[PDB]
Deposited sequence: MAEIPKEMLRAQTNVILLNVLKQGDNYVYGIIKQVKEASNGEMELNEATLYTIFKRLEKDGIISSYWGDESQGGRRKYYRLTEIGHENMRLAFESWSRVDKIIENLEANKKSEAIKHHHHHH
């Protein structure tokens, strides 16, 4: 329901797609539609809006391939931030378990 949370989910998925490898928008949508067994088919226009913010923040970069297609790549700024995230969100999952357990105590 929280608008800000769907946008976060869509970023998390995308940054993983690019983590598995460099890709083009069409390839990205197919893979998300495939991996979500069809529930999630992102439209190209919202994607281009999202990748626009990411290059602006240096998380990914762009280039051309080979017909010929435009590919996106995860940079270190991205790889690192994606690592920083997993650790920070690991602490959160742990804080919660410590809460749940102290409730039993």
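*Asks:* Return the ranges of the deposited sequence not covered by C-alpha coordinates, sorted by sequence position.
*Replies:* Those parts of the chain that were deposited but carry no coordinates are 1-3, 70-73, 113-122.
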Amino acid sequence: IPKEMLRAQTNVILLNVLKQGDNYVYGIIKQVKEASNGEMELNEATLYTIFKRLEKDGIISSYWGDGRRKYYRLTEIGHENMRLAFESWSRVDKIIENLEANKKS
From here on, numbers count along this sequence of modelled residues.
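The term rigid core refers to the most C-alpha atoms you can superpose between the two forms while keeping them within 1.5 Å.
*Asks:* If you line up the core and then measure how far each C-alpha sits from this form in 4 other deposited structures of this protein, which stretch comes out higher, 12-20 or 92-100?
*Replies:* Relative to the shown form, the greater RMS C-alpha distance in 4 other deposited structures of this protein belongs to 92-100.
*Asks:* Which wins on mean Cα temperature factor, 90-98 or 20-28?
*Replies:* Taking the mean B-factor of the alpha carbons in each, 20-28 is higher.
*Asks:* Looking at the temperature factor on the CA atom of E39, which third of the chain's modelled residues does it land in?
*Replies:* CA B-factor rank for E39: middle third.
*Asks:* Among the modelled residues of this chain, does the Cα B factor of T46 put it in the lowest, middle or highest third?
*Replies:* Lowest third of the chain for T46's C-alpha B-factor.
*Asks:* By its CA B factor, does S62 count among the lowest, middle or highest third of the modelled residues in the chain?
*Replies:* As the PDB entry reports it, the C-alpha B-factor of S62 lands in the middle third of its chain.
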